[PDB]
């Protein structure tokens, strides 16, 4: 069996939806067109329901038929373990209902892995479709008992070391461990019967569910990390014109979770929402090209569209499909096929992509999300006093950097390597990460001391991991920030921070004021201290405790956040990295390397032709890919609305 690696040739693929009632002739027609569309790979939901016989035997006929047709057309198969469940359960159950249900899942895995492991075109086992749920079944006896046991095996005090009352977030910490346990158990079950094939899983809705996911632990039992990134389900924090930024951030978040493992996008939106989806659309041909290039530029080893063909009955009947109702190519399949073709014509380049890390890392942590949920009491008013602000804030910095043509990592804090001796020319952005503990503050102190630049806005560091505010009891970040908070004063959803001898930064909801000791104060036109720069060892801290990233989001203008961030970056980042000479609204660029050669991905999401002046790095623009005849004069790229451009930098 071929094992996926960081050197694998990336593929374009699609879900092949198999259910009873389909004919041999239609299934073969799908695989034939899939092969002719320069797609190498399919994914198949191995429905327990469509293998169970009245007598309790497994009948594999329906899936044998699909596997054999895949083999005939040289299509490899991601096989999703999907035990028997209600027809109306679109996504699948996330945990066993009971010990008896766990034994049924054991029996399902034994039967399905023993049989289908024998196919030479099996590429991977997907352990579970879309692990993680917002609504965890605490009512079910399996989960209820696990939670009880877990609580008794942990020693939690109602008071901290200094004697203050604490929250311990038992539920949230259990949920991490519970996901870790069940996925690890699924991996172990598959490994009883098959030690040959890649294990894969697709975390989903990552801007909401990242607080469920311990990706470092998952690396211990996976061969690749996947992802669902559906424009109609997962990008609600963005307008459609910014699904570029959404896909880029989703790619960076999975990339970070993957660490040393290769990653691929297991599930992308391939077609139309009729009745399904939260933010329904039909992806344009242009969007299909944009999403594949963003993922490959971000080291994805694959892009699998849900779906090639449609479900026939009830939920998503005739929805999501890349083929039309005559089983011929939509403009979406035609577009995906040009990327498959491009890969086969540029194998060495496409097989060795490494994202050009600017040195900027935007960090989020589970605990800021958990404290936000407790403090907002689950309010959904889309603002700082609602669930989502601790993710929308870093996503806004990410967007501002994208509109500057700068790559940024998007990482959980435990995925950042704090063990290096030098962080010269490395930048951490902590945007409204409202919960930081002593351990992480010490890591941040080390990082800055050794040359790191730390940018902190919003209520970053207001609470610890027990929702205790050191801002009240004795500020844990006083040392690093060389300053102390004075007040937060709530304002409108959108106000202006007007710096002395003007920046006018858009700010959201709260004005923070500080007192500097070691730091240099920055004053506003009202004579209040609203920010500071602390020189700490070899590094610097910029602290502005008003939410200026959420301000940029609220004002729908990232230009001031771009200019401010650029002015704080070490010169080395601006000299070594291709970026825009200025901020461009609704334009993104990210750069990658493949065997020594540097490339740039440019996408224009504005309503008009843009001329983007690319500066930094070395080389002359050669246009390798452009779906609307983009042209460059020196390093000035003229790019049409919705166009995707790959520049190869020659020399």
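By rigid core we mean the largest C-alpha set that fits within 1.5 Å across both forms. Numbering follows the first chain given and starts at 1.
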Superposing the other structures by the rigid core, the farther-displaced stretch by RMS over CA atoms in 5 other deposited structures of this protein, of 292-300 and 493-501, is 493-501
Answer yes if residue 570 is missing coordinates in at least a third of the other compared entries, and no if every one of them models it.
-> no
Taking the other compared entries of this protein, do a third or more of them lack coordinates for residue 270?
-> no
Answer with none, 1 to 3, 4 to 9, or 10 or more: how many deposited residues between residue 158 and residue 159 are not present in the coordinates.
-> none
With respect to the recorded C-alpha B factors, which stretch has the higher mean value, 517-525 or 133-141?
-> 133-141
Between the two ranges 192-200 and 429-437, the one averaging a larger CA B factor in the entry = 192-200
If you check the C-alpha B-factor for each of 151, 301, 234, 332 in the entry, which is highest?
-> 151
Which of 34, 70, 602, 44 ranks first by CA B-factor in the deposited coordinates | 70
Third assignment of residue 632 from its chain's C-alpha B-factors | highest
CA B-factor placement of residue 270, once the chain's modelled residues are sorted into thirds = lowest
Hey, what third does residue 340 fall into on Cα B-factor, ranked over its chain?
-> middle
CA B-factor ranking of residue 458, expressed as a third of its chain = highest
Rank-wise, by C-alpha B-factor, drop residue 230 into the lowest, middle or highest third of its chain.
-> lowest
